[PDB]
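Here's input.cif, which has mmCIF, N, CA, C and O atoms:
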```cif
data_start
#
loop_
_atom_site.label_atom_id
_atom_site.label_comp_id
_atom_site.auth_asym_id
_atom_site.auth_seq_id
_atom_site.Cartn_x
_atom_site.Cartn_y
_atom_site.Cartn_z
N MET V 1 2.46 -22.60 -7.56
CA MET V 1 1.43 -21.50 -7.65
C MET V 1 0.38 -21.66 -6.56
O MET V 1 0.25 -22.77 -5.93
N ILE V 2 -0.43 -20.62 -6.32
CA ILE V 2 -0.32 -19.32 -7.03
C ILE V 2 0.78 -18.49 -6.33
O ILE V 2 0.81 -18.46 -5.11
N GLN V 3 1.69 -17.84 -7.06
CA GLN V 3 2.70 -16.98 -6.44
C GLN V 3 2.70 -15.54 -7.02
O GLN V 3 2.67 -15.33 -8.20
N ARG V 4 2.64 -14.57 -6.11
CA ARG V 4 2.80 -13.16 -6.47
C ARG V 4 3.59 -12.48 -5.35
O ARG V 4 3.32 -12.65 -4.15
N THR V 5 4.62 -11.76 -5.76
CA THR V 5 5.52 -11.18 -4.82
C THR V 5 4.86 -9.98 -4.10
O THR V 5 4.19 -9.12 -4.75
N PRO V 6 5.12 -9.82 -2.78
CA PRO V 6 4.53 -8.64 -2.13
C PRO V 6 5.11 -7.32 -2.62
O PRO V 6 6.29 -7.23 -2.91
N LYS V 7 4.28 -6.29 -2.57
CA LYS V 7 4.68 -4.90 -2.79
C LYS V 7 4.57 -4.21 -1.44
O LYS V 7 3.61 -4.42 -0.69
N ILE V 8 5.56 -3.40 -1.10
CA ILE V 8 5.73 -2.94 0.31
C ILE V 8 5.79 -1.39 0.30
O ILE V 8 6.57 -0.82 -0.46
N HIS V 9 5.00 -0.75 1.12
CA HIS V 9 5.03 0.70 1.20
C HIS V 9 5.12 1.05 2.70
O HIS V 9 4.32 0.61 3.50
N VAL V 10 6.14 1.82 3.05
CA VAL V 10 6.37 2.21 4.42
C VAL V 10 6.12 3.70 4.56
O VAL V 10 6.69 4.47 3.79
N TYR V 11 5.29 4.08 5.54
CA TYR V 11 4.85 5.47 5.74
C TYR V 11 4.43 5.76 7.17
O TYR V 11 4.08 4.85 7.96
N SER V 12 4.50 7.04 7.56
CA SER V 12 3.99 7.41 8.82
C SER V 12 2.51 7.81 8.67
O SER V 12 2.11 8.27 7.65
N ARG V 13 1.74 7.64 9.72
CA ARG V 13 0.29 8.00 9.69
C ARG V 13 0.13 9.48 9.41
O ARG V 13 -0.70 9.86 8.59
N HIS V 14 0.92 10.32 10.08
CA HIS V 14 0.92 11.78 9.89
C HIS V 14 2.23 12.23 9.33
O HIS V 14 3.24 11.53 9.53
N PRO V 15 2.25 13.39 8.66
CA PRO V 15 3.57 13.91 8.28
C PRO V 15 4.48 13.93 9.51
O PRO V 15 4.04 14.21 10.62
N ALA V 16 5.74 13.59 9.34
CA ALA V 16 6.55 13.31 10.49
C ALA V 16 7.16 14.59 10.99
O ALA V 16 7.54 15.44 10.20
N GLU V 17 7.24 14.69 12.29
CA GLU V 17 7.85 15.83 12.99
C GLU V 17 8.72 15.24 14.06
O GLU V 17 8.24 14.48 14.89
N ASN V 18 10.01 15.54 14.03
CA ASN V 18 10.92 14.93 15.00
C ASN V 18 10.51 15.19 16.42
O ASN V 18 10.20 16.30 16.75
N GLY V 19 10.52 14.16 17.24
CA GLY V 19 10.07 14.29 18.61
C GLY V 19 8.57 14.25 18.87
O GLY V 19 8.17 14.32 20.03
N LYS V 20 7.74 14.14 17.84
CA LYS V 20 6.26 14.06 18.03
C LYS V 20 5.80 12.62 17.73
O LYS V 20 6.05 12.13 16.65
N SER V 21 5.15 11.96 18.69
CA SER V 21 4.66 10.58 18.48
C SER V 21 3.75 10.47 17.27
O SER V 21 3.13 11.44 16.80
N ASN V 22 3.69 9.26 16.72
CA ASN V 22 3.09 9.07 15.38
C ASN V 22 2.93 7.54 15.29
O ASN V 22 3.17 6.83 16.29
N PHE V 23 2.58 7.05 14.09
CA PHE V 23 2.49 5.60 13.79
C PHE V 23 3.24 5.33 12.50
O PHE V 23 3.17 6.13 11.56
N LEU V 24 4.08 4.33 12.57
CA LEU V 24 4.86 3.85 11.42
C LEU V 24 4.02 2.66 10.87
O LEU V 24 3.62 1.78 11.61
N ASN V 25 3.76 2.71 9.59
CA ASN V 25 2.95 1.69 8.95
C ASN V 25 3.75 0.97 7.87
O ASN V 25 4.47 1.58 7.12
N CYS V 26 3.52 -0.33 7.72
CA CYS V 26 4.06 -1.10 6.63
C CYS V 26 2.90 -1.80 5.91
O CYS V 26 2.29 -2.69 6.45
N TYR V 27 2.58 -1.33 4.73
CA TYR V 27 1.45 -1.82 3.97
C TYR V 27 2.02 -2.75 2.93
O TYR V 27 2.89 -2.36 2.13
N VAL V 28 1.57 -3.98 3.02
CA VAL V 28 2.09 -5.07 2.20
C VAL V 28 0.92 -5.59 1.42
O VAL V 28 -0.14 -5.89 1.99
N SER V 29 1.04 -5.64 0.10
CA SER V 29 -0.12 -5.99 -0.72
C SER V 29 0.33 -6.79 -1.96
O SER V 29 1.51 -6.81 -2.29
N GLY V 30 -0.64 -7.31 -2.68
CA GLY V 30 -0.44 -7.84 -3.98
C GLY V 30 0.13 -9.25 -3.93
O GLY V 30 0.68 -9.74 -4.91
N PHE V 31 0.09 -9.89 -2.77
CA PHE V 31 0.82 -11.15 -2.62
C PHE V 31 -0.04 -12.42 -2.60
O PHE V 31 -1.21 -12.42 -2.20
N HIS V 32 0.61 -13.51 -3.03
CA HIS V 32 0.11 -14.85 -2.96
C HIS V 32 1.30 -15.75 -2.76
O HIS V 32 2.28 -15.60 -3.46
N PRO V 33 1.18 -16.79 -1.90
CA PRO V 33 0.13 -17.16 -1.03
C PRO V 33 0.04 -16.13 0.13
O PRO V 33 0.89 -15.27 0.24
N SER V 34 -0.97 -16.32 0.97
CA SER V 34 -1.29 -15.44 2.11
C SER V 34 -0.37 -15.46 3.29
O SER V 34 -0.28 -14.45 3.96
N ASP V 35 0.33 -16.58 3.52
CA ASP V 35 1.31 -16.73 4.56
C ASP V 35 2.48 -15.75 4.37
O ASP V 35 3.19 -15.81 3.40
N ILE V 36 2.69 -14.87 5.32
CA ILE V 36 3.70 -13.84 5.20
C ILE V 36 4.15 -13.50 6.61
O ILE V 36 3.36 -13.62 7.57
N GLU V 37 5.37 -13.02 6.72
CA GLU V 37 5.95 -12.58 7.98
C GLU V 37 6.49 -11.17 7.79
O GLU V 37 7.19 -10.89 6.80
N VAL V 38 6.16 -10.28 8.72
CA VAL V 38 6.46 -8.84 8.59
C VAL V 38 6.95 -8.38 9.94
O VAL V 38 6.34 -8.66 10.97
N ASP V 39 8.13 -7.76 9.94
CA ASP V 39 8.65 -7.12 11.14
C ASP V 39 8.90 -5.66 10.87
O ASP V 39 9.21 -5.26 9.72
N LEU V 40 8.79 -4.84 11.92
CA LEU V 40 9.23 -3.47 11.84
C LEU V 40 10.57 -3.34 12.62
O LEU V 40 10.75 -3.95 13.69
N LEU V 41 11.49 -2.58 12.07
CA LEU V 41 12.87 -2.47 12.63
C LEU V 41 13.20 -1.04 13.02
O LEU V 41 12.82 -0.08 12.31
N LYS V 42 13.92 -0.89 14.12
CA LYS V 42 14.52 0.36 14.56
C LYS V 42 16.04 0.20 14.60
O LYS V 42 16.57 -0.69 15.30
N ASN V 43 16.74 0.96 13.78
CA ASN V 43 18.21 0.79 13.61
C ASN V 43 18.62 -0.66 13.48
O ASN V 43 19.61 -1.14 14.06
N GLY V 44 17.82 -1.39 12.74
CA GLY V 44 18.13 -2.75 12.43
C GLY V 44 17.65 -3.79 13.45
O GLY V 44 17.79 -4.97 13.20
N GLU V 45 17.03 -3.36 14.55
CA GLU V 45 16.56 -4.27 15.62
C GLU V 45 15.04 -4.38 15.57
O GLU V 45 14.32 -3.38 15.39
N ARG V 46 14.56 -5.61 15.73
CA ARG V 46 13.12 -5.84 15.67
C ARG V 46 12.37 -5.07 16.76
O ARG V 46 12.78 -5.10 17.89
N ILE V 47 11.26 -4.42 16.40
CA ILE V 47 10.44 -3.73 17.33
C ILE V 47 9.43 -4.74 17.82
O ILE V 47 8.79 -5.46 17.02
N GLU V 48 9.26 -4.77 19.14
CA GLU V 48 8.30 -5.69 19.77
C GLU V 48 6.91 -5.01 19.85
O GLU V 48 6.79 -3.79 19.76
N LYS V 49 5.83 -5.73 20.00
CA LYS V 49 4.56 -4.97 20.13
C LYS V 49 4.36 -4.23 18.80
O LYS V 49 4.26 -2.98 18.71
N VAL V 50 4.40 -5.01 17.74
CA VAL V 50 3.90 -4.50 16.47
C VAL V 50 2.53 -5.16 16.31
O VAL V 50 2.33 -6.30 16.71
N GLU V 51 1.58 -4.42 15.81
CA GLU V 51 0.24 -4.96 15.54
C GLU V 51 0.01 -5.03 14.04
O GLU V 51 0.78 -4.49 13.29
N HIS V 52 -1.12 -5.58 13.61
CA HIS V 52 -1.45 -5.52 12.19
C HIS V 52 -2.98 -5.61 12.03
O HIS V 52 -3.66 -6.19 12.87
N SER V 53 -3.47 -5.01 10.97
CA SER V 53 -4.85 -5.18 10.59
C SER V 53 -5.09 -6.65 10.18
O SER V 53 -4.16 -7.43 9.91
N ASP V 54 -6.34 -7.03 10.12
CA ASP V 54 -6.67 -8.37 9.64
C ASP V 54 -6.26 -8.44 8.17
O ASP V 54 -6.32 -7.43 7.42
N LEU V 55 -5.86 -9.60 7.71
CA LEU V 55 -5.66 -9.88 6.32
C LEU V 55 -6.96 -9.59 5.55
O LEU V 55 -8.05 -9.96 6.03
N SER V 56 -6.83 -8.95 4.39
CA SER V 56 -7.94 -8.78 3.46
C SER V 56 -7.53 -9.29 2.11
O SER V 56 -6.33 -9.46 1.82
N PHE V 57 -8.54 -9.51 1.27
CA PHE V 57 -8.33 -9.99 -0.05
C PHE V 57 -9.19 -9.25 -1.07
O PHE V 57 -10.38 -9.07 -0.83
N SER V 58 -8.55 -8.89 -2.18
CA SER V 58 -9.23 -8.28 -3.29
C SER V 58 -8.94 -9.11 -4.56
O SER V 58 -7.80 -9.49 -4.81
N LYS V 59 -9.98 -9.26 -5.39
CA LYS V 59 -9.81 -9.87 -6.76
C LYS V 59 -8.81 -9.07 -7.60
O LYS V 59 -8.16 -9.62 -8.47
N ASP V 60 -8.70 -7.74 -7.35
CA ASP V 60 -7.71 -6.91 -8.03
C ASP V 60 -6.33 -6.81 -7.34
O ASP V 60 -5.32 -6.79 -8.01
N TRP V 61 -6.28 -6.67 -6.02
CA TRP V 61 -5.03 -6.38 -5.31
C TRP V 61 -4.49 -7.61 -4.55
O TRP V 61 -3.45 -7.50 -3.91
N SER V 62 -5.14 -8.78 -4.71
CA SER V 62 -4.76 -10.01 -4.05
C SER V 62 -4.78 -9.77 -2.47
O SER V 62 -5.63 -9.00 -1.98
N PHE V 63 -3.86 -10.38 -1.71
CA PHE V 63 -3.87 -10.19 -0.26
C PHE V 63 -3.24 -8.85 0.11
O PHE V 63 -2.31 -8.36 -0.55
N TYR V 64 -3.73 -8.28 1.20
CA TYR V 64 -3.09 -7.13 1.77
C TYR V 64 -3.41 -6.96 3.25
O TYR V 64 -4.45 -7.40 3.77
N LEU V 65 -2.49 -6.26 3.92
CA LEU V 65 -2.67 -5.87 5.29
C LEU V 65 -1.58 -4.86 5.68
O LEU V 65 -0.64 -4.60 4.90
N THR V 66 -1.75 -4.27 6.84
CA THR V 66 -0.82 -3.23 7.35
C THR V 66 -0.36 -3.59 8.75
O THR V 66 -1.15 -3.95 9.60
N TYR V 67 0.96 -3.58 8.93
CA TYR V 67 1.63 -3.67 10.18
C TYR V 67 1.96 -2.28 10.71
O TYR V 67 2.36 -1.44 9.94
N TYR V 68 1.83 -2.09 12.02
CA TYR V 68 2.00 -0.76 12.53
C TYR V 68 2.44 -0.76 13.94
O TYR V 68 2.20 -1.70 14.68
N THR V 69 3.14 0.33 14.29
CA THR V 69 3.56 0.54 15.64
C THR V 69 3.60 2.05 15.95
O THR V 69 3.84 2.87 15.07
N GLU V 70 3.32 2.39 17.22
CA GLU V 70 3.49 3.74 17.67
C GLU V 70 4.97 3.99 17.65
O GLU V 70 5.75 3.13 18.05
N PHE V 71 5.35 5.18 17.22
CA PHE V 71 6.76 5.59 17.27
C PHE V 71 6.91 7.09 17.32
O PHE V 71 6.02 7.85 16.95
N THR V 72 8.10 7.52 17.75
CA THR V 72 8.46 8.90 17.71
C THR V 72 9.63 9.08 16.78
O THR V 72 10.74 8.79 17.18
N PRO V 73 9.42 9.67 15.57
CA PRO V 73 10.56 9.84 14.72
C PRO V 73 11.61 10.85 15.24
O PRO V 73 11.28 11.82 15.91
N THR V 74 12.86 10.63 14.85
CA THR V 74 13.96 11.51 15.22
C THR V 74 14.76 11.73 13.96
O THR V 74 14.53 11.04 12.96
N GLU V 75 15.72 12.65 14.00
CA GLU V 75 16.60 12.82 12.86
C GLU V 75 17.49 11.56 12.70
O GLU V 75 17.88 11.15 11.59
N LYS V 76 17.80 10.92 13.80
CA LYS V 76 18.91 9.99 13.80
C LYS V 76 18.56 8.54 13.62
O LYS V 76 19.44 7.74 13.30
N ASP V 77 17.31 8.16 13.88
CA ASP V 77 16.95 6.74 13.94
C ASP V 77 16.37 6.26 12.61
O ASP V 77 15.54 6.93 11.98
N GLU V 78 16.80 5.07 12.22
CA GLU V 78 16.33 4.45 10.99
C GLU V 78 15.24 3.45 11.26
O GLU V 78 15.44 2.59 12.12
N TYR V 79 14.10 3.58 10.56
CA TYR V 79 12.99 2.69 10.67
C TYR V 79 12.84 1.97 9.34
O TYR V 79 13.08 2.53 8.27
N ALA V 80 12.47 0.70 9.44
CA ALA V 80 12.30 -0.14 8.25
C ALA V 80 11.28 -1.26 8.44
O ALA V 80 10.88 -1.58 9.55
N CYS V 81 10.87 -1.83 7.33
CA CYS V 81 9.93 -2.92 7.36
C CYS V 81 10.65 -4.08 6.68
O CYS V 81 11.20 -3.91 5.56
N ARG V 82 10.66 -5.24 7.32
CA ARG V 82 11.25 -6.47 6.83
C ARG V 82 10.15 -7.54 6.52
O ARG V 82 9.36 -7.90 7.40
N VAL V 83 10.12 -7.99 5.30
CA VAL V 83 9.14 -8.90 4.80
C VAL V 83 9.81 -10.20 4.34
O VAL V 83 10.80 -10.19 3.62
N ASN V 84 9.27 -11.29 4.85
CA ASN V 84 9.62 -12.62 4.45
C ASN V 84 8.43 -13.30 3.85
O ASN V 84 7.32 -13.22 4.37
N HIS V 85 8.66 -13.98 2.73
CA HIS V 85 7.56 -14.57 1.94
C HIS V 85 8.24 -15.54 0.98
O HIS V 85 9.38 -15.33 0.57
N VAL V 86 7.50 -16.53 0.56
CA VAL V 86 8.04 -17.61 -0.30
C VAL V 86 8.57 -17.09 -1.61
O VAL V 86 9.49 -17.69 -2.22
N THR V 87 8.08 -15.93 -2.07
CA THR V 87 8.51 -15.41 -3.34
C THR V 87 9.86 -14.69 -3.29
O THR V 87 10.37 -14.26 -4.33
N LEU V 88 10.36 -14.42 -2.08
CA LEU V 88 11.52 -13.62 -1.88
C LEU V 88 12.68 -14.61 -1.50
O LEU V 88 12.56 -15.39 -0.53
N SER V 89 13.81 -14.52 -2.18
CA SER V 89 15.00 -15.38 -1.84
C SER V 89 15.70 -15.04 -0.50
O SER V 89 16.43 -15.84 0.07
N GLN V 90 15.45 -13.85 0.00
CA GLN V 90 15.93 -13.45 1.31
C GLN V 90 14.95 -12.36 1.77
O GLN V 90 14.26 -11.75 0.95
N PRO V 91 14.93 -12.10 3.07
CA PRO V 91 14.04 -11.06 3.62
C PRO V 91 14.26 -9.78 2.90
O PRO V 91 15.41 -9.42 2.59
N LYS V 92 13.16 -9.11 2.52
CA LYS V 92 13.26 -7.81 1.84
C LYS V 92 13.05 -6.69 2.85
O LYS V 92 12.05 -6.68 3.56
N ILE V 93 14.01 -5.79 2.95
CA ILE V 93 14.00 -4.72 3.94
C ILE V 93 13.72 -3.42 3.18
O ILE V 93 14.49 -3.04 2.31
N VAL V 94 12.64 -2.76 3.54
CA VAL V 94 12.29 -1.43 2.96
C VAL V 94 12.36 -0.39 4.04
O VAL V 94 11.63 -0.44 4.97
N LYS V 95 13.24 0.61 3.85
CA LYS V 95 13.47 1.65 4.86
C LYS V 95 12.41 2.70 4.72
O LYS V 95 12.04 3.05 3.61
N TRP V 96 11.87 3.16 5.84
CA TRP V 96 11.05 4.33 5.86
C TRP V 96 11.86 5.56 5.39
O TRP V 96 12.94 5.86 5.92
N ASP V 97 11.33 6.27 4.39
CA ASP V 97 11.94 7.49 3.96
C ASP V 97 10.85 8.56 3.93
O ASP V 97 10.00 8.54 3.07
N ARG V 98 10.84 9.43 4.92
CA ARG V 98 9.77 10.40 5.06
C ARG V 98 9.85 11.41 3.96
O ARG V 98 8.92 12.14 3.76
N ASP V 99 11.00 11.53 3.29
CA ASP V 99 11.14 12.45 2.16
C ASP V 99 10.78 11.88 0.81
O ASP V 99 11.12 12.50 -0.17
N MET V 100 10.13 10.72 0.74
CA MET V 100 9.54 10.25 -0.52
C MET V 100 8.12 10.83 -0.52
O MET V 100 7.45 10.78 0.52
#
```

This structure in structure tokens:
Amino acid sequence: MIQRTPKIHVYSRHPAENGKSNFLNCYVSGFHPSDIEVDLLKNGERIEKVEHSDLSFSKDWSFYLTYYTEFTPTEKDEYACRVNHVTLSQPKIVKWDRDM
């Protein structure tokens, strides 16, 4: 302890329009311990030049932060967020689904 599994939400900054630049965000929250590794993926390949907000902490939401990258969505390309953390037995991959 203390252990709490991350909760992962993947979203674009703006409603997505194919061919219009935007930001893909991966918001990871609710986790303990604070040590975490987060990648953003394009068709399964790691995107380089991903940034993230500073780690924050809430007494209610535990640790949280957001990883993000500029991107241009298309009909054809798959975007996802991959999270590694001590609570997870293997990396957890959450696909961006703009229709959620």

Residue 54 of chain V environment, 6 Å, all atoms listed in the file, sequence neighbours closer than 5 positions dropped, as a list in words =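 Everything that qualifies: residues 64, 65 and 66 of chain V.
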
Excluding residue 67 of chain V and residues on its chain fewer than 5 positions from it, collect all residues at most 12 Å away from it, counting only C-alpha atoms, and give them as an MDAnalysis selection string.
-> chainID V and resid 8:13 23:29 36:41 47:55 80:83

Selection dump of the PyMOL selection byres (((chain V and resi 76 and name CA) around 12) and name CA), as an NGL selection string | :V and (18-19 or 42-43 or 72-75 or 77-79)

Shell around residue 4 of chain V at 5 Å using only N, CA, C and O atoms, local window under 5 positions removed, as an mmCIF file with N, CA, C and O atoms, in the coordinates of the input:
```cif
data_model
loop_
_atom_site.group_PDB
_atom_site.id
_atom_site.type_symbol
_atom_site.label_atom_id
_atom_site.label_comp_id
_atom_site.auth_asym_id
_atom_site.auth_seq_id
_atom_site.Cartn_x
_atom_site.Cartn_y
_atom_site.Cartn_z
ATOM 1 N N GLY V 30 -0.640 -7.310 -2.680
ATOM 2 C CA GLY V 30 -0.440 -7.840 -3.980
ATOM 3 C C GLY V 30 0.130 -9.250 -3.930
ATOM 4 O O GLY V 30 0.680 -9.740 -4.910
ATOM 5 N N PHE V 31 0.090 -9.890 -2.770
ATOM 6 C CA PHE V 31 0.820 -11.150 -2.620
ATOM 7 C C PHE V 31 -0.040 -12.420 -2.600
ATOM 8 O O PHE V 31 -1.210 -12.420 -2.200
ATOM 9 N N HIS V 32 0.610 -13.510 -3.030
ATOM 10 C CA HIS V 32 0.110 -14.850 -2.960
ATOM 11 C C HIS V 32 1.300 -15.750 -2.760
ATOM 12 O O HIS V 32 2.280 -15.600 -3.460
ATOM 13 N N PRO V 33 1.180 -16.790 -1.900
ATOM 14 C CA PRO V 33 0.130 -17.160 -1.030
ATOM 15 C C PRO V 33 0.040 -16.130 0.130
ATOM 16 O O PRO V 33 0.890 -15.270 0.240
#
```

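Here atom O of residue 63 of chain V and atom C of residue 20 of chain V stand 29.0 Å from one another.
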
Residues of chain V in strand (DSSP E) according to DSSP, as a ChimeraX atom specification?
-> /V:7-12,22-31,37-42,45-46,51-52,56-58,62-71,79-84,92-95

d(atom O of residue 21 of chain V, atom O of residue 70 of chain V) in Å | 8.8 Å

Pairwise distance for atom CA of residue 97 of chain V and atom CA of residue 59 of chain V, rounded to one decimal in Å =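 Separating atom CA of residue 97 of chain V from atom CA of residue 59 of chain V is a distance of 29.8 Å.
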
For residue 84 of chain V, which of V:45, V:60, V:35, V:99 is the closest residue, counting only C-alpha atoms?
-> V:35

Among the residues V:1, V:62, V:69, V:44, the one that comes closest to residue 95 of chain V [using only C-alpha atoms] |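 Going through V:1, V:62, V:69, V:44 one by one, the smallest distance to residue 95 of chain V is for V:44.
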